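Trainee: Next up, protein-v6.cif (mmCIF, N, CA and C atoms and all ligand atoms).
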```cif
data_structure
#
loop_
_atom_site.label_atom_id
_atom_site.label_comp_id
_atom_site.auth_asym_id
_atom_site.auth_seq_id
_atom_site.Cartn_x
_atom_site.Cartn_y
_atom_site.Cartn_z
N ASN A 196 6.16 13.72 -19.52
CA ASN A 196 7.57 13.33 -19.65
C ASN A 196 8.34 14.37 -20.49
N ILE A 197 9.04 15.29 -19.82
CA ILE A 197 9.67 16.48 -20.43
C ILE A 197 11.18 16.49 -20.14
N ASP A 198 12.02 16.46 -21.17
CA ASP A 198 13.49 16.61 -21.06
C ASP A 198 14.15 15.65 -20.05
N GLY A 199 13.62 14.43 -19.97
CA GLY A 199 14.03 13.35 -19.07
C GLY A 199 13.30 13.29 -17.72
N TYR A 200 12.50 14.30 -17.37
CA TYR A 200 11.74 14.35 -16.12
C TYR A 200 10.32 13.80 -16.31
N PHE A 201 10.01 12.67 -15.65
CA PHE A 201 8.67 12.11 -15.56
C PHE A 201 7.93 12.72 -14.36
N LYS A 202 6.93 13.57 -14.63
CA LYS A 202 6.21 14.38 -13.63
C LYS A 202 4.83 13.80 -13.37
N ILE A 203 4.48 13.60 -12.10
CA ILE A 203 3.14 13.17 -11.68
C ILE A 203 2.42 14.33 -11.00
N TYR A 204 1.19 14.61 -11.43
CA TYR A 204 0.23 15.46 -10.72
C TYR A 204 -0.95 14.61 -10.31
N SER A 205 -1.64 14.93 -9.22
CA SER A 205 -2.77 14.12 -8.76
C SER A 205 -3.74 14.88 -7.88
N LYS A 206 -4.95 14.34 -7.71
CA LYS A 206 -5.95 14.79 -6.72
C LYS A 206 -6.82 13.62 -6.26
N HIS A 207 -7.38 13.73 -5.06
CA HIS A 207 -8.45 12.88 -4.56
C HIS A 207 -9.68 13.74 -4.23
N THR A 208 -10.88 13.19 -4.38
CA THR A 208 -12.11 13.78 -3.82
C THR A 208 -13.12 12.69 -3.47
N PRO A 209 -13.89 12.86 -2.38
CA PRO A 209 -15.02 11.99 -2.08
C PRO A 209 -16.15 12.23 -3.09
N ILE A 210 -16.86 11.15 -3.42
CA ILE A 210 -17.96 11.09 -4.39
C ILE A 210 -19.07 10.16 -3.88
N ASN A 211 -20.22 10.17 -4.55
CA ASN A 211 -21.34 9.26 -4.28
C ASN A 211 -22.00 8.87 -5.62
N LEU A 212 -21.22 8.22 -6.49
CA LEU A 212 -21.44 8.19 -7.94
C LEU A 212 -21.53 6.75 -8.46
N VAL A 213 -22.59 6.42 -9.21
CA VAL A 213 -22.91 5.03 -9.61
C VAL A 213 -22.03 4.42 -10.71
N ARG A 214 -21.99 5.03 -11.90
CA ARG A 214 -21.23 4.48 -13.03
C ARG A 214 -20.91 5.50 -14.13
N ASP A 215 -20.15 6.52 -13.76
CA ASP A 215 -19.71 7.59 -14.68
C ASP A 215 -18.50 8.38 -14.13
N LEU A 216 -17.86 9.20 -14.96
CA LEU A 216 -16.91 10.24 -14.54
C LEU A 216 -17.70 11.51 -14.16
N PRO A 217 -17.57 12.07 -12.94
CA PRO A 217 -18.46 13.12 -12.45
C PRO A 217 -18.14 14.51 -13.02
N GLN A 218 -19.18 15.24 -13.40
CA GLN A 218 -19.08 16.63 -13.82
C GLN A 218 -18.63 17.51 -12.64
N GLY A 219 -17.57 18.29 -12.85
CA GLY A 219 -17.01 19.20 -11.85
C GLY A 219 -15.63 19.73 -12.25
N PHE A 220 -15.02 20.51 -11.36
CA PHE A 220 -13.71 21.12 -11.57
C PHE A 220 -12.76 20.85 -10.41
N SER A 221 -11.52 20.50 -10.74
CA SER A 221 -10.46 20.10 -9.81
C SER A 221 -9.11 20.61 -10.32
N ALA A 222 -8.19 20.94 -9.41
CA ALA A 222 -6.82 21.32 -9.74
C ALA A 222 -5.82 20.29 -9.18
N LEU A 223 -5.07 19.61 -10.04
CA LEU A 223 -4.13 18.56 -9.62
C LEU A 223 -2.79 19.14 -9.15
N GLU A 224 -2.44 18.95 -7.89
CA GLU A 224 -1.13 19.33 -7.34
C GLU A 224 -0.04 18.32 -7.75
N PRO A 225 1.20 18.75 -8.04
CA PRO A 225 2.31 17.83 -8.32
C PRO A 225 2.69 17.02 -7.07
N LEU A 226 2.87 15.70 -7.20
CA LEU A 226 3.22 14.81 -6.09
C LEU A 226 4.66 14.28 -6.13
N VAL A 227 5.22 14.01 -7.31
CA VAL A 227 6.62 13.60 -7.46
C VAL A 227 7.14 13.96 -8.85
N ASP A 228 8.46 14.09 -8.96
CA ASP A 228 9.17 14.25 -10.22
C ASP A 228 10.40 13.32 -10.25
N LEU A 229 10.59 12.58 -11.34
CA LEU A 229 11.59 11.52 -11.46
C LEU A 229 12.53 11.79 -12.67
N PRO A 230 13.85 12.01 -12.48
CA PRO A 230 14.82 12.33 -13.54
C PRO A 230 15.28 11.09 -14.35
N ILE A 231 14.34 10.24 -14.75
CA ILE A 231 14.62 8.89 -15.27
C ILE A 231 15.25 8.86 -16.66
N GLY A 232 15.10 9.91 -17.47
CA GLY A 232 15.69 10.02 -18.82
C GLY A 232 15.14 9.08 -19.91
N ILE A 233 14.46 7.99 -19.55
CA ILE A 233 13.97 6.98 -20.50
C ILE A 233 12.94 7.56 -21.48
N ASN A 234 12.95 7.08 -22.72
CA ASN A 234 11.83 7.30 -23.64
C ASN A 234 10.62 6.47 -23.18
N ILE A 235 9.42 7.05 -23.29
CA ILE A 235 8.14 6.36 -23.12
C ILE A 235 7.30 6.59 -24.38
N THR A 236 6.49 5.60 -24.74
CA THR A 236 5.54 5.64 -25.86
C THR A 236 4.28 4.81 -25.58
N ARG A 237 4.37 3.84 -24.67
CA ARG A 237 3.25 2.94 -24.37
C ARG A 237 3.05 2.75 -22.86
N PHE A 238 1.87 2.27 -22.44
CA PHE A 238 1.53 2.11 -21.02
C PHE A 238 0.38 1.12 -20.75
N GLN A 239 0.22 0.70 -19.49
CA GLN A 239 -0.87 -0.14 -18.97
C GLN A 239 -1.22 0.23 -17.52
N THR A 240 -2.39 -0.19 -17.04
CA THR A 240 -2.77 -0.14 -15.62
C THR A 240 -2.83 -1.54 -15.01
N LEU A 241 -2.39 -1.67 -13.76
CA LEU A 241 -2.29 -2.91 -12.99
C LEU A 241 -3.40 -2.96 -11.94
N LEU A 242 -4.19 -4.04 -11.94
CA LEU A 242 -5.41 -4.15 -11.13
C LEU A 242 -5.34 -5.35 -10.18
N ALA A 243 -6.04 -5.27 -9.05
CA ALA A 243 -6.28 -6.40 -8.17
C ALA A 243 -7.40 -7.30 -8.72
N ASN B 487 61.05 -18.19 -23.65
CA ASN B 487 60.29 -17.02 -24.15
C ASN B 487 58.76 -17.07 -23.96
N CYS B 488 58.23 -18.10 -23.29
CA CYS B 488 56.97 -18.04 -22.56
C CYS B 488 57.14 -17.15 -21.31
N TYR B 489 56.26 -16.17 -21.11
CA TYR B 489 56.26 -15.33 -19.89
C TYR B 489 54.86 -15.20 -19.29
N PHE B 490 54.74 -15.36 -17.97
CA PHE B 490 53.51 -15.03 -17.24
C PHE B 490 53.33 -13.50 -17.21
N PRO B 491 52.14 -12.95 -17.51
CA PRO B 491 52.01 -11.53 -17.81
C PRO B 491 52.02 -10.59 -16.60
N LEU B 492 51.72 -11.09 -15.39
CA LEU B 492 51.65 -10.29 -14.16
C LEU B 492 52.97 -10.31 -13.39
N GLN B 493 53.18 -9.31 -12.53
CA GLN B 493 54.21 -9.34 -11.48
C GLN B 493 53.75 -8.57 -10.23
N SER B 494 54.18 -9.00 -9.04
CA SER B 494 53.84 -8.37 -7.76
C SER B 494 54.82 -7.26 -7.36
N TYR B 495 54.31 -6.29 -6.60
CA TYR B 495 55.12 -5.17 -6.12
C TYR B 495 55.83 -5.43 -4.77
N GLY B 496 57.16 -5.38 -4.78
CA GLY B 496 57.97 -5.53 -3.57
C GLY B 496 57.83 -4.37 -2.58
N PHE B 497 56.61 -4.03 -2.17
CA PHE B 497 56.35 -2.96 -1.20
C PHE B 497 56.79 -3.38 0.20
N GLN B 498 57.96 -2.87 0.60
CA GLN B 498 58.56 -3.02 1.92
C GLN B 498 58.76 -1.64 2.54
N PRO B 499 58.62 -1.48 3.87
CA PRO B 499 58.74 -0.17 4.52
C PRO B 499 60.14 0.46 4.38
N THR B 500 61.16 -0.37 4.10
CA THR B 500 62.54 0.04 3.83
C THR B 500 62.78 0.56 2.39
N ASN B 501 61.78 0.52 1.49
CA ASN B 501 61.94 1.06 0.13
C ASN B 501 62.28 2.56 0.15
N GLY B 502 63.07 3.00 -0.84
CA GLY B 502 63.38 4.42 -1.04
C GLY B 502 62.16 5.21 -1.53
N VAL B 503 62.15 6.52 -1.29
CA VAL B 503 61.11 7.42 -1.79
C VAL B 503 61.09 7.36 -3.32
N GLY B 504 60.03 6.76 -3.86
CA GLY B 504 59.95 6.28 -5.24
C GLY B 504 59.51 4.81 -5.33
N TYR B 505 60.26 3.87 -4.74
CA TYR B 505 59.89 2.45 -4.69
C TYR B 505 58.83 2.13 -3.60
N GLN B 506 58.57 3.08 -2.71
CA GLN B 506 57.42 3.04 -1.79
C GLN B 506 56.06 3.01 -2.53
N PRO B 507 55.01 2.40 -1.96
CA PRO B 507 53.67 2.39 -2.54
C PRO B 507 52.98 3.75 -2.42
N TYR B 508 52.24 4.12 -3.47
CA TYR B 508 51.33 5.25 -3.51
C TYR B 508 49.92 4.76 -3.90
N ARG B 509 48.92 5.08 -3.08
CA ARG B 509 47.49 4.93 -3.43
C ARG B 509 47.11 6.02 -4.42
N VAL B 510 46.29 5.67 -5.41
CA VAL B 510 45.75 6.59 -6.41
C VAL B 510 44.24 6.42 -6.52
N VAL B 511 43.55 7.55 -6.60
CA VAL B 511 42.19 7.67 -7.11
C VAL B 511 42.22 8.58 -8.34
N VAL B 512 41.66 8.14 -9.46
CA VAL B 512 41.29 9.05 -10.55
C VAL B 512 39.79 9.26 -10.49
N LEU B 513 39.36 10.47 -10.14
CA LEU B 513 37.98 10.89 -10.33
C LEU B 513 37.79 11.21 -11.81
N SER B 514 37.43 10.19 -12.60
CA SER B 514 37.06 10.38 -14.00
C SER B 514 35.57 10.73 -14.11
N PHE B 515 35.23 11.63 -15.03
CA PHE B 515 33.84 11.98 -15.31
C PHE B 515 33.68 12.43 -16.77
N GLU B 516 32.50 12.18 -17.33
CA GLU B 516 32.11 12.62 -18.68
C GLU B 516 31.00 13.67 -18.54
N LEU B 517 31.11 14.81 -19.23
CA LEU B 517 30.35 16.03 -18.90
C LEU B 517 29.29 16.42 -19.94
N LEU B 518 28.12 16.82 -19.44
CA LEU B 518 27.09 17.62 -20.13
C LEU B 518 26.38 16.93 -21.31
N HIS B 519 26.19 15.60 -21.23
CA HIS B 519 25.43 14.79 -22.21
C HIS B 519 24.16 14.12 -21.65
N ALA B 520 23.78 14.42 -20.40
CA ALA B 520 22.60 13.90 -19.70
C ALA B 520 22.18 14.87 -18.57
N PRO B 521 20.94 14.80 -18.04
CA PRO B 521 20.51 15.66 -16.93
C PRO B 521 21.38 15.48 -15.69
N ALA B 522 21.77 16.59 -15.06
CA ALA B 522 22.74 16.61 -13.97
C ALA B 522 22.24 15.79 -12.77
N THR B 523 23.07 14.84 -12.32
CA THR B 523 22.75 13.94 -11.20
C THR B 523 23.89 13.90 -10.16
N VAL B 524 24.87 14.81 -10.27
CA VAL B 524 25.88 15.17 -9.25
C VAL B 524 26.18 16.67 -9.38
N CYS B 525 26.42 17.37 -8.27
CA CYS B 525 26.90 18.76 -8.25
C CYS B 525 27.81 19.02 -7.04
N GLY B 526 28.71 20.00 -7.12
CA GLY B 526 29.36 20.55 -5.92
C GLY B 526 28.35 21.25 -4.99
N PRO B 527 28.69 21.48 -3.71
CA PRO B 527 27.79 22.08 -2.72
C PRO B 527 27.47 23.54 -3.05
N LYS B 528 26.18 23.81 -3.27
CA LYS B 528 25.65 25.16 -3.48
C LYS B 528 25.58 25.88 -2.13
N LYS B 529 26.69 26.54 -1.75
CA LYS B 529 26.90 27.21 -0.45
C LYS B 529 25.79 28.23 -0.11
N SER B 530 25.51 28.41 1.18
CA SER B 530 24.46 29.29 1.71
C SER B 530 24.92 30.09 2.95
N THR B 531 24.25 31.22 3.22
CA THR B 531 24.57 32.20 4.27
C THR B 531 23.29 32.68 4.97
N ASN B 532 23.42 33.37 6.10
CA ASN B 532 22.29 33.75 6.96
C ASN B 532 21.21 34.61 6.26
N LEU B 533 19.95 34.40 6.62
CA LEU B 533 18.80 35.20 6.20
C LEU B 533 18.71 36.51 7.00
N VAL B 534 18.74 37.66 6.31
CA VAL B 534 18.64 39.01 6.89
C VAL B 534 17.44 39.77 6.31
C1 LIG C 601 15.02 8.01 -27.58
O1 LIG C 601 14.36 8.01 -28.83
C2 LIG C 601 14.95 8.89 -29.81
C3 LIG C 601 14.10 8.76 -31.05
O2 LIG C 601 13.54 7.46 -31.16
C4 LIG C 601 16.41 8.53 -30.04
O3 LIG C 601 17.00 9.51 -30.90
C5 LIG C 601 17.18 8.46 -28.73
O4 LIG C 601 18.50 7.97 -28.94
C6 LIG C 601 16.45 7.54 -27.75
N1 LIG C 601 17.15 7.48 -26.48
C7 LIG C 601 17.35 6.33 -25.82
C8 LIG C 601 18.09 6.44 -24.52
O5 LIG C 601 16.95 5.25 -26.26
#
```
Would you mind writing the file's structure down as structure tokens?

Mentor:
Amino acid sequence: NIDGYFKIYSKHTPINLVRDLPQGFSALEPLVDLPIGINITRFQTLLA
Amino acid sequence: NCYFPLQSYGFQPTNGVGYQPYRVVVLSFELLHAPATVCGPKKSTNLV
């Protein structure tokens, strides 16, 4: 969140992994940028 | 000395130039205190 712009970068990859974050290297491409101007300080994730 | 505060405009097609109705738009704007979210058209020309 820089100068009012909320920027998202992301990646997907296929895995075959039991219960950990996998060792490897990835480059996240930017997917959207939002000129929202709001201050942020806190967050949560929403689950099914 | 009680008075109702409003009055209606006698707009008739026979009114003189002056007493005829005029439509007005004021394009009011406040400048350069937030990230730009309107601009004039950034004109373009042929690729050579
Ligand atoms: C954002 O936070 C800063 C510091 O807390 C403050 O100066 C600024 O006015 C805030 N902006 C808004 C839109 O709340």

Trainee: Which residues of chain A sit at most 8 Å from chain B, using only C-alpha atoms? Give each one's shortest atom pair and distance in Å (one decimal place), in chain and ascending residue order, as CSV.

Mentor:
```
residue,atom,partner,partner_atom,distance
A:199,CA,B:521,CA,7.2
A:230,CA,B:521,CA,7.4
A:232,CA,B:521,CA,7.7
```

Trainee: Now that the selection is made, can you save its residues with N, CA and C atoms as a compact mmCIF listing (two decimals), in the coordinates of the input?

Mentor:
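The resulting selection-v1.txt:
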```txt
# COMPACT_ATOMS: atom_id res chain seq x y z
N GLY A 199 13.62 14.43 -19.97
CA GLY A 199 14.03 13.35 -19.07
C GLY A 199 13.30 13.29 -17.72
N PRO A 230 13.85 12.01 -12.48
CA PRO A 230 14.82 12.33 -13.54
C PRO A 230 15.28 11.09 -14.35
N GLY A 232 15.10 9.91 -17.47
CA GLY A 232 15.69 10.02 -18.82
C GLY A 232 15.14 9.08 -19.91
```

Trainee: Could you tell me how far atom C of residue 224 (chain A) sits from atom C3 of ligand LIG 601 (chain C), in Å to one decimal place?

Mentor: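 Between atom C3 of ligand LIG 601 (chain C) and atom C of residue 224 (chain A) the gap is 28.9 Å.
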
Trainee: Using all atoms of ligand LIG 601 (chain C) that appear in the file, construct an axis-aligned enclosing box with 6 Å of padding on every side and provide its centre coordinates and edge lengths in Å, rounded to one decimal, as AutoDock Vina command-line options.

Mentor:
```
--center_x 16.0 --center_y 7.4 --center_z -27.8 --size_x 17.0 --size_y 16.3 --size_z 18.6
```

Trainee: Find the nearest atom pair between each residue of chain A and ligand LIG 601 (chain C) for residues within 8 Å, count only N, CA and C atoms and all ligand atoms, give distances in Å to one decimal, sort rows by chain and ascending number, and present the table as a tab-separated table.

Mentor:
```
residue	atom	partner	partner_atom	distance
A:232	C	C:LIG601	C8	6.1
A:233	CA	C:LIG601	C8	5.8
A:234	CA	C:LIG601	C1	5.1
A:235	N	C:LIG601	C1	7.1
```

Trainee: DSSP on the backbone, strand (DSSP E or B) only: what residues of chain A does that give? Format it as a PDB file with N, CA and C atoms, keeping the file's coordinate frame.

Mentor:
```
ATOM      1  N   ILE A 197       9.040  15.290 -19.820  1.00  0.00           N
ATOM      2  CA  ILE A 197       9.670  16.480 -20.430  1.00  0.00           C
ATOM      3  C   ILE A 197      11.180  16.490 -20.140  1.00  0.00           C
ATOM      4  N   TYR A 200      12.500  14.300 -17.370  1.00  0.00           N
ATOM      5  CA  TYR A 200      11.740  14.350 -16.120  1.00  0.00           C
ATOM      6  C   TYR A 200      10.320  13.800 -16.310  1.00  0.00           C
ATOM      7  N   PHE A 201      10.010  12.670 -15.650  1.00  0.00           N
ATOM      8  CA  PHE A 201       8.670  12.110 -15.560  1.00  0.00           C
ATOM      9  C   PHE A 201       7.930  12.720 -14.360  1.00  0.00           C
ATOM     10  N   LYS A 202       6.930  13.570 -14.630  1.00  0.00           N
ATOM     11  CA  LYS A 202       6.210  14.380 -13.630  1.00  0.00           C
ATOM     12  C   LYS A 202       4.830  13.800 -13.370  1.00  0.00           C
ATOM     13  N   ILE A 203       4.480  13.600 -12.100  1.00  0.00           N
ATOM     14  CA  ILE A 203       3.140  13.170 -11.680  1.00  0.00           C
ATOM     15  C   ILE A 203       2.420  14.330 -11.000  1.00  0.00           C
ATOM     16  N   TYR A 204       1.190  14.610 -11.430  1.00  0.00           N
ATOM     17  CA  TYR A 204       0.230  15.460 -10.720  1.00  0.00           C
ATOM     18  C   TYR A 204      -0.950  14.610 -10.310  1.00  0.00           C
ATOM     19  N   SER A 205      -1.640  14.930  -9.220  1.00  0.00           N
ATOM     20  CA  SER A 205      -2.770  14.120  -8.760  1.00  0.00           C
ATOM     21  C   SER A 205      -3.740  14.880  -7.880  1.00  0.00           C
ATOM     22  N   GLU A 224      -2.440  18.950  -7.890  1.00  0.00           N
ATOM     23  CA  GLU A 224      -1.130  19.330  -7.340  1.00  0.00           C
ATOM     24  C   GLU A 224      -0.040  18.320  -7.750  1.00  0.00           C
ATOM     25  N   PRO A 225       1.200  18.750  -8.040  1.00  0.00           N
ATOM     26  CA  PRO A 225       2.310  17.830  -8.320  1.00  0.00           C
ATOM     27  C   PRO A 225       2.690  17.020  -7.070  1.00  0.00           C
ATOM     28  N   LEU A 226       2.870  15.700  -7.200  1.00  0.00           N
ATOM     29  CA  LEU A 226       3.220  14.810  -6.090  1.00  0.00           C
ATOM     30  C   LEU A 226       4.660  14.280  -6.130  1.00  0.00           C
ATOM     31  N   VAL A 227       5.220  14.010  -7.310  1.00  0.00           N
ATOM     32  CA  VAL A 227       6.620  13.600  -7.460  1.00  0.00           C
ATOM     33  C   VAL A 227       7.140  13.960  -8.850  1.00  0.00           C
ATOM     34  N   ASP A 228       8.460  14.090  -8.960  1.00  0.00           N
ATOM     35  CA  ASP A 228       9.170  14.250 -10.220  1.00  0.00           C
ATOM     36  C   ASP A 228      10.400  13.320 -10.250  1.00  0.00           C
ATOM     37  N   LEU A 229      10.590  12.580 -11.340  1.00  0.00           N
ATOM     38  CA  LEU A 229      11.590  11.520 -11.460  1.00  0.00           C
ATOM     39  C   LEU A 229      12.530  11.790 -12.670  1.00  0.00           C
TER      40      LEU A 229
END
```

Trainee: Taking (-5.5, 16.7, -11.0) in the file's coordinates as the center, which residues reach within 12 Å of it, counting only C-alpha atoms, put as a tab-separated table (two decimals) with N, CA and C atoms, in the coordinates of the input?

Mentor:
```
chain	number	residue	atom	x	y	z
A	203	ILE	N	4.48	13.60	-12.10
A	203	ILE	CA	3.14	13.17	-11.68
A	203	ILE	C	2.42	14.33	-11.00
A	204	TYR	N	1.19	14.61	-11.43
A	204	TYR	CA	0.23	15.46	-10.72
A	204	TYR	C	-0.95	14.61	-10.31
A	205	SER	N	-1.64	14.93	-9.22
A	205	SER	CA	-2.77	14.12	-8.76
A	205	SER	C	-3.74	14.88	-7.88
A	206	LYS	N	-4.95	14.34	-7.71
A	206	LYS	CA	-5.95	14.79	-6.72
A	206	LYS	C	-6.82	13.62	-6.26
A	207	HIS	N	-7.38	13.73	-5.06
A	207	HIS	CA	-8.45	12.88	-4.56
A	207	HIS	C	-9.68	13.74	-4.23
A	208	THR	N	-10.88	13.19	-4.38
A	208	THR	CA	-12.11	13.78	-3.82
A	208	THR	C	-13.12	12.69	-3.47
A	219	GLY	N	-17.57	18.29	-12.85
A	219	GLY	CA	-17.01	19.20	-11.85
A	219	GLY	C	-15.63	19.73	-12.25
A	220	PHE	N	-15.02	20.51	-11.36
A	220	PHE	CA	-13.71	21.12	-11.57
A	220	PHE	C	-12.76	20.85	-10.41
A	221	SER	N	-11.52	20.50	-10.74
A	221	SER	CA	-10.46	20.10	-9.81
A	221	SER	C	-9.11	20.61	-10.32
A	222	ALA	N	-8.19	20.94	-9.41
A	222	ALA	CA	-6.82	21.32	-9.74
A	222	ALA	C	-5.82	20.29	-9.18
A	223	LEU	N	-5.07	19.61	-10.04
A	223	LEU	CA	-4.13	18.56	-9.62
A	223	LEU	C	-2.79	19.14	-9.15
A	224	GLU	N	-2.44	18.95	-7.89
A	224	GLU	CA	-1.13	19.33	-7.34
A	224	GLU	C	-0.04	18.32	-7.75
A	225	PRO	N	1.20	18.75	-8.04
A	225	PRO	CA	2.31	17.83	-8.32
A	225	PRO	C	2.69	17.02	-7.07
A	226	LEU	N	2.87	15.70	-7.20
A	226	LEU	CA	3.22	14.81	-6.09
A	226	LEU	C	4.66	14.28	-6.13
```

Trainee: For atom C of residue 228 (chain A) and atom N of residue 200 (chain A), quote the distance in Å rounded to one decimal.

Mentor: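 Atom-to-atom, atom C of residue 228 (chain A) to atom N of residue 200 (chain A), that is 7.5 Å.
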
Trainee: I'd like the interatomic distance between atom N of residue 511 (chain B) and CA of residue 490 (chain B), to a tenth of an Å.

Mentor: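 About the pair atom N of residue 511 (chain B) and CA of residue 490 (chain B): they are 26.9 Å apart.
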